[PDB]
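Only one chain comes next, encoded as structure tokens, the form deposited in one PDB entry.
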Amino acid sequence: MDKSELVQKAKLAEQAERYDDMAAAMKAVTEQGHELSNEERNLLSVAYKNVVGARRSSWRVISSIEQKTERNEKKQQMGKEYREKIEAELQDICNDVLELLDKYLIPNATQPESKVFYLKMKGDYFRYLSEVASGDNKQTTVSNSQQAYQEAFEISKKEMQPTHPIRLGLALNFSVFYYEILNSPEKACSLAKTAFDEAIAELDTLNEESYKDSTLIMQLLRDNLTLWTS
């Protein structure tokens, strides 16, 4: 199809919670080789987030069951083989995304926020790979994850306002990397807390408590506006 049609199909697939269709359409869009609009970027991101997240969840479930079954050898071997099938799917998905990032998305990014978004995405998908990697391969994927996050981080601190959602989402996912992949809870907390504090400080007339109060009331205003116009 053409780009307009592929994007329409992705939106329909998203509504239908058919994330494989959504991912396929946005992959085709990307492979047409032009820089993605913000909307197209978000559709691609959401599609592959759901596709990969299903496998991450299934893998956690099967690993948990497999660790808590030390009574039967046959069932344990079955759980191992099923876990490995899910790991293979997860790796195919991650490699798909990383190829898209390396061949189209990162090289074609013109603005700094696009660059940060796609380098964060590379950090994310290398983190997903590292969750199921073993041996030296693990060391590699972990390292690559950190590197991508770090590159994104350096651009975001130089070129992006602390309140920009892409900078904040990067800080969120990088702190998660430190907590869950490097088992470094104090560094994770410091990254998340410094990013939060920088966003708070950029808001000229608010502190943390006043920010919380104000965002709650803003939500209530939006909710009332929704209710009253129906």
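All residue numbers refer to positions in the sequence shown, first residue = 1. Residues that one form lacks are left out of the comparison. The term rigid core refers to the maximal set of C-alpha atoms that superpose within 1.5 Å between the two forms.
Averaged over Cα atoms, the B-factor as recorded in the entry is higher for 1 to 9 than for the other of 219 to 227 and 1 to 9. Per-stretch averaging of Cα B factors for 71 to 79 and 151 to 159 places 71 to 79 on top. Of all the options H164, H34, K193, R55, the entry's greatest CA B-factor is assigned to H34.
Out of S45, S184, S64, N173, the entry records its largest CA B-factor for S64. Residue-level temperature factors show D21 in the middle third of its chain, judged at the C-alpha atom. In the deposited entry, the Cα temperature factor of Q91 sits in the middle third of values across the chain's modelled residues.
Sort the chain's modelled residues by C-alpha temperature factor and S145 lands in the lowest third, per the entry. Sorting the modelled residues of the chain by their CA temperature factor places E131 in the middle third. Among all modelled residues in this chain, the alpha-carbon of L168 has a temperature factor (C-alpha) in the lowest third.
Quick note: we don't show the form deposited in another entry, though the next part is all about it.
In the core-superposed comparison between the shown form and the other one, the C-alpha atom of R222 has shifted by at least 2 angstroms. Once both forms are fitted on their rigid core, the CA atom of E17 lies less than 2 Å apart between the shown form and the other one. In comparison with the shown form, the Cα-Cα distance of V46 and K212 decreases by at least 3 angstroms in the other entry. Relative to this form, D204 and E113 approach one another in the other entry, with their C-alpha atoms ending up at least 3 Å closer. Core aligned; the single run of 3 or more residues with all CA shifts at 2 Å or more between the shown form and the other one is 204 to 230.
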